[PDB]
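Single chain ahead, by itself, as structure tokens, in the form deposited in one PDB entry.
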């Protein structure tokens, strides 16, 4: 705290910086747009240490990195004031700000949840939004009592604003998971035109439970509907039937192909592992097929599914740090994009894209001359899922035919009772984020 810690930047703008002060500890850490970028910067605290990129890039920021130690040694010798190096993130401030703003206004008041934006061709993390958030300036206070009181307030806050919901928490994906169920069926040789039940309810095999379509209505006015029709209408019973037909092994395999049940690589922030669950029986499989039972995904993992489809079936390794520089801004490291895995063939990726273009069309915040591929849904949660307001999800990419951005929006307890899927509140948040990305 004696030496000038380096900066965390986005789009040429400062997210975190240190100012020389009269403190016993001379350098005070400052977060000029603190709640918005907290999930990216984290905090750097005298009594509570560091989190997020302050922690992950500590050796660069504090100047103790081996790659930098030639410069700090030169500084001591010469007499010149030392400086830590800089961390240049992949975040686009316009996109981050739009996601944040949309989350703050999107639930007739502020929304709890997360927004993630990814660049599908590279894996750049363009936004990482969590809500509610907190002010890292509080924990950067040099007053022990100011820090301790903030710490206690945040710890006791039942909305847990310290949590980075985008990467650290998993949620049932609900209806968005029909993307995976569909992908698994398509790879196993199902076609978009094949006929599935339009029934308003479907018994789950080997149990007394039944699953019903959202709103309790039949999928259409015919005995059956095409897989394509069921997807765009997001009819539950058709996907229960389809998933059970496709089988637990195939669903597990497709989930894995899309990054579930694999420990995520650091971004350099650690990401919670997403899972399809063990799928112990066919009742469970039924529920898994519409993203319930034990299926649990981070918002980043759901953005990644959308980004993978957007990028022709190839998953790019997501990353948050584009480059590291010295105090004098000379290059230390530049992140190179990496093809992590092919999840799905280009043909399946295209079929899923077409299905998702159809679902989007089935419109608050639509963008003139921009075709969006999306999936909106709800997700039951907790120990009383039938009564608790479900989550609202939107996953999407655009322009659908040559994508530049993929998004996931999770609005906790944001589910609808009137809209076509019941996830409508999440949709215009996603579109505002896409609009910001494409401006």
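Think of the rigid core as the biggest set of C-alphas that the two forms share within 1.5 Å after superposition. Shifts are known only where both forms have a C-alpha. Positions refer to the first chain, counted from 1.
Unmodelled residues of the deposited sequence between neighbouring positions residue 250 and residue 251 number none; the chain is continuous.
Look at the mean CA B-factor for 111-119 and for 335-343 in the entry; the higher one is 335-343. Between the stretches 322-330 and 200-208, it is 200-208 that shows the larger average CA temperature factor. When the Cα B-factors of 93, 161, 278, 299 are read from the PDB record, 278 comes out highest.
For the set 214, 177, 134, 100, the maximum C-alpha B-factor listed in the entry falls on 214. The PDB entry assigns residue 386 a C-alpha temperature factor belonging to the highest third of its chain's modelled residues. Residue 15: CA B factor in the lowest third of modelled residues in this chain (values from the PDB entry). Ranked by Cα temperature factor within the chain, residue 377 sits in the middle third according to the deposited record. Annotation for residue 185: C-alpha temperature factor in the middle third relative to the rest of the modelled chain, per the entry. Per-chain ranking of the deposited C-alpha B factor places residue 317 in the middle third.
FYI, the form deposited in another entry isn't displayed, but the following is about it.
Taking the core as reference between the shown form and the other one, the lone member of 10, 415, 427, 16 whose Cα moves by 2 Å or more is 415. In summary, the C-alpha positions of residue 107 and residue 415 converge in the other form, ending up at least 3 angstroms nearer each other than in this conformation.
Relative to the displayed conformation, the Cα-Cα distance from residue 420 to residue 229 grows by 3 Å or more in the other form.
Once the two forms are aligned on their core, only one segment of at least three consecutive shared residues with Cα displacements of 2 Å or more between the shown form and the other one appears, at 415-423.
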